[PDB]
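In what follows, a single structure is set out as C-alpha cells and then discussed.
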Amino acid sequence: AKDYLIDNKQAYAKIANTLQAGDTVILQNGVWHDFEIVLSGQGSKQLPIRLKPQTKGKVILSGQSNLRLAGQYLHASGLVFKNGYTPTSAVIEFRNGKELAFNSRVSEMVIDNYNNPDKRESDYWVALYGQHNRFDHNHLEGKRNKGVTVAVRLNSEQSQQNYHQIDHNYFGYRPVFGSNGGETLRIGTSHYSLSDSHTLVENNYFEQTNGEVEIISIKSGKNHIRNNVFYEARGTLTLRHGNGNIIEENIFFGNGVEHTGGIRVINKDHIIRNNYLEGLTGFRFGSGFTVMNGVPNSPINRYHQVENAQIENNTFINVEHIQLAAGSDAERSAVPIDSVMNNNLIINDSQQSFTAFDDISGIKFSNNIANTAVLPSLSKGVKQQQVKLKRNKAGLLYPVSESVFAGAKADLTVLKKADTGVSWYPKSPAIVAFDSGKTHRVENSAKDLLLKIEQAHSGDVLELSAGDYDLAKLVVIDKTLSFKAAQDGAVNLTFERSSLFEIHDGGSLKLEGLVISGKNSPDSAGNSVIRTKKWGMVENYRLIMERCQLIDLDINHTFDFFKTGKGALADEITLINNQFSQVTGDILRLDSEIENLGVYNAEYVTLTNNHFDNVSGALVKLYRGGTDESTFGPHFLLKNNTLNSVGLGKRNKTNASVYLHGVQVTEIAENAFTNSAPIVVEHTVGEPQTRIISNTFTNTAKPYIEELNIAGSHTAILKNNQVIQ
Ligand SMILES: [Cl-]
C-alpha cells in the first residue's frame, strides 16, 4: 500500500482502478475542472482506502465534477465543491452504477452553491446507498434547484437496514425554493417507506434551512433522530411515511422567525421525547407540533392513521400552534388512536397554542403542565399552573421550581454550531444586507453611473447627484446595490432600452428618492422599468423601492413597472410610499408559473403608503397554481394605499386592480379604491389566510372571492369595508 500524489486527472485515472487496502490518494492543491472522481476498492477496517487533499480547503472541484464511492472501507475527505454542478444524479454518491459502498465514510466536504443552472432540473447533493456508511463533519449550504440536499436511498435490500450515521454536519442556508422539492434531508421514499432504514441522524446543526415545509422528510421505518439543533429553520421535522421512528433530544430555536416549525406526526409507533421547542411560529402542517389525521386503508403515498404515538417529556416554550387530529376532512377521517401525551411542559408567555380538529379521545393525556387554559375538556390530563422559568448556561429554559415534573430531562445538552462542519471553511451570512457597504457619490452622468455600478461591491450605496440620467443601455444588477438620491426629487432617470434594470443572480436592488420616466423608452409593447433575467434565474432576489416617482410609462401598451422572469423568485418585493402615474401595464407581474405545479414568483409582497393614478393594469398579478401544499407563500400585504383608475385596461384579462390566485397569506387593510377595478381573490388549496379590512370602495365593485378547491362560501375575512356607489 502506498501514497499517491496526484496532480492531474490522467494521473488519477492511471491508478483509480487498482486501489488496494491501505492506499491513500492525495489530490494536489488547486481547482480541478470536470473531475468525475470514482473512489473504489476493497479496503479493510485496519487498512481503508483513503482520498484526501494536499491541503484541506485548497482542493476545489468545479465545473461538472462529482464523487462516487463503490466497494468497502473507503474514506473520502477534505474536498470543496463550488462553481459547478454534478453532471449525474448526485454530487456525492455512495455508489458507482449498480455497485454500492459499504462501511465507508465521507467527511469534511464543503458543497457551496454547487447548483444546476436549471432550478427545475432535479438532483441530490449527497445520496446514501449501501449499509454502514457515515457522512460526518460536512458543510452544505446554498442548494437552489429542485431536489432534496441529502437523500438516504432504499431502492434495494442492500441499501435498506443500512444503519447509516449522519452526524456533526452543518446544514447551512437553503433559500425558500418557491416550490415542492426543497427538503434538506430525506430518508426513503413512499414506495420503499415500509422498509426499515435504521438511519441514525445525530448532532447536526440546521440553520435557516428554509427550502419548504419539510426540512427533514422521514419516509421509512425505525430511524433515530437525536440531538440535532434547528436554528431559525423554516419548516418542520415530518414523520411523513414509515413507522417506528424515534425523535428525541432535538432542539428547535425559532426565535419568533416566521414559519419556524417543529415536529409533525403521521403513521405508527413513533417515540417523541425529551425534545426542546422554543419560539416556533409556523401554523397548519408547518406548526410547532402536529399530530395528523389519517386516511382509512391509506394508499402508500397519502396519510396513514397515527397509532401508538408516544409523546413524552417535551418542552414547548412559546410554540404558537399545537394541532391534534389535524387535516381532518372527508378523506383524512382516521383520528389518532392508542397514543399518549405525558409529562409535557407547554408554556406560552402570551396565549395561542393548542387546537383539536377531530376526536382526540384516542390520545391519553397524563401529567401535562401548561400556564394557559390549554385543555379544559381533557381536564385531568393537563393542569394549568404558573411556571416561572430560568434559562440555563446551555441556553435552555427550565422551571425554577424543582416540584415541576414535566418537560424535557434536566441535563439536556445543546449542540454547538462550532462543533459541526469544518473549521477551515467559514459559516457566512445567507445574504448580503442592503446598505452594509460603502457609499459612492455619483456624478450627474449616465457614464459615471454605469462606471460606479460596475466598480461597486455587493452591499454598497450609490448616492446620485442632482440632474438627469438618460441611460442608453440596460443596467445589469448582479450584486446587492442601493440607489439613493442626494436629495429627494432632484434625480431624474430615463432609459432607451426595453428595460432600465435587469436583476441577475446575486443581484438585489434598493431604490430611494428617484424619479423614473419611460418617456425615452422604445415605442413598442413589453417595456418594463425593472425585470429579472427572463429565464434561468437561480438566486432569490430582493427589490425595495421607497419615496420614488414613476411616471409616463405609457408610450405603448403593456408597459409594466416590474416583470418577473420564468422561474424567478423574490424573497421580498417592498414598495413603500411611492407615486405611480400613467402606466399602461401592470405594476407587479408575478404570474409566469402557468404549469400549475405549485411554483410561484414571490414569497413576500408588501405595498404600503403608495399612490397609484391611472394604471391600466393591476397593482399585482400574483399566481400560484395547482394543488401543492409544500410551501409557505406567496404573502401579500396592501395597506394604506390610494388607487385612482387602476385596472380598467382593456388588456387586463383579470378585470382586477389586485389579483391573488393561490396566495397563502393576504392582508388588505385601510386602502382607498376609487374608480378602479375590484379585488379578485382565487383561493386554491392549503386553507389560505385572506383578510380584507377597513377599505373604502368608491365607484369600485366590492371584492370578489372564489373557492376553487372547496365547496360553498369563501373563507376570507371581510370586515368594516365601505362600498360607495
Ligand atoms: Cl428511496
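Quick note on naming: the chains in the C-alpha cells go A, B, ... in the order shown, residues restart at 1 in each chain, and ligands are numbered from 1 in order of appearance.
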
Practice task
Could you give me, as a ChimeraX atom specification, every polymer residue with an atom at most 7 Å away from an atom of ligand 1, counting only C-alpha atoms and all ligand atoms?
Solution key: /A:152-155,188-189,192

Selection above as a file: N, CA, C and O atoms, as an mmCIF file, in the first residue's frame:
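Generated file (again25.cif):
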data_model
loop_
_atom_site.group_PDB
_atom_site.id
_atom_site.type_symbol
_atom_site.label_atom_id
_atom_site.label_comp_id
_atom_site.auth_asym_id
_atom_site.auth_seq_id
_atom_site.Cartn_x
_atom_site.Cartn_y
_atom_site.Cartn_z
ATOM 1 N N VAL A 152 -31.161 9.591 1.796
ATOM 2 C CA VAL A 152 -30.872 8.184 2.055
ATOM 3 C C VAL A 152 -31.784 7.365 1.153
ATOM 4 O O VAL A 152 -33.013 7.446 1.262
ATOM 5 N N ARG A 153 -31.186 6.590 0.254
ATOM 6 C CA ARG A 153 -31.922 5.798 -0.720
ATOM 7 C C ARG A 153 -32.097 4.375 -0.207
ATOM 8 O O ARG A 153 -31.223 3.829 0.469
ATOM 9 N N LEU A 154 -33.246 3.774 -0.543
ATOM 10 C CA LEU A 154 -33.632 2.464 -0.032
ATOM 11 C C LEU A 154 -34.146 1.570 -1.153
ATOM 12 O O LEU A 154 -34.915 0.639 -0.905
ATOM 13 N N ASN A 155 -33.723 1.832 -2.390
ATOM 14 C CA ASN A 155 -34.307 1.157 -3.542
ATOM 15 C C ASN A 155 -33.692 -0.215 -3.795
ATOM 16 O O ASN A 155 -33.685 -0.694 -4.932
ATOM 17 N N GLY A 188 -35.613 7.830 2.590
ATOM 18 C CA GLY A 188 -36.522 6.954 1.885
ATOM 19 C C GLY A 188 -37.495 7.706 1.001
ATOM 20 O O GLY A 188 -37.527 8.937 0.936
ATOM 21 N N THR A 189 -38.300 6.926 0.288
ATOM 22 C CA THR A 189 -39.416 7.430 -0.496
ATOM 23 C C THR A 189 -40.642 6.588 -0.169
ATOM 24 O O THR A 189 -40.541 5.528 0.455
ATOM 25 N N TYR A 192 -40.782 2.768 -0.935
ATOM 26 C CA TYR A 192 -40.000 1.906 -0.056
ATOM 27 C C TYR A 192 -40.198 2.249 1.416
ATOM 28 O O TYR A 192 -39.395 1.838 2.258
#

Practice task
Tell me, as number ranges by chain, which residues lie within 10 Å of residue 614 of chain A, counting only C-alpha atoms; anything in the same chain fewer than 4 positions away does not count.
Solution key: A: 580-584, 643-649, 675-676

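Distances here use only C-alpha atoms; by that measure, the residue among A:627, A:592, A:190, A:494 closest to residue 516 of chain A is A:494.
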
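What separates atom CA of residue 281 of chain A from atom CA of residue 325 of chain A is a distance of 19.1 Å.
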
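Using only C-alpha atoms, the protein and nucleic acid residues lying no more than 7 Å from residue 665 of chain A, apart from those fewer than 6 places from it along its own chain, are residues 633, 634, 635, 636, 688, 689 and 690 of chain A.
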
Handout entry: Neighbour list for segment 700-710 of chain A as an MDAnalysis selection string, cut-off 9 Å, only C-alpha atoms, skip fewer than 4 positions in-chain
Key = chainID A and resid 627 673:685 692 696 714:716 718 721:725

Interface rows for segment 190-234 of chain A against segment 145-150 of chain A: nearest pair, Å to one decimal, 10 Å, only C-alpha atoms, as a Markdown table:
| residue | atom | partner | partner_atom | distance |
| --- | --- | --- | --- | --- |
| A:211 | CA | A:148 | CA | 9.0 |
| A:214 | CA | A:148 | CA | 9.9 |
| A:215 | CA | A:148 | CA | 9.1 |
| A:216 | CA | A:148 | CA | 9.3 |
| A:217 | CA | A:148 | CA | 9.3 |

Write a file of the selected residues as a compact mmCIF listing (two decimals), in the first residue's frame, keeping N, CA and C atoms.
# COMPACT_ATOMS: atom_id res chain seq x y z
N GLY A 211 -36.04 25.62 2.71
CA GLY A 211 -36.48 25.25 1.37
C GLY A 211 -37.98 25.12 1.24
N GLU A 214 -41.01 20.88 4.74
CA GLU A 214 -40.29 19.72 5.26
C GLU A 214 -38.79 20.00 5.21
N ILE A 215 -38.19 20.24 6.37
CA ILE A 215 -36.73 20.26 6.48
C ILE A 215 -36.20 18.84 6.41
N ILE A 216 -36.71 17.98 7.28
CA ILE A 216 -36.44 16.55 7.27
C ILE A 216 -37.74 15.83 6.92
N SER A 217 -37.68 14.96 5.92
CA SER A 217 -38.81 14.15 5.48
C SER A 217 -38.42 12.69 5.69
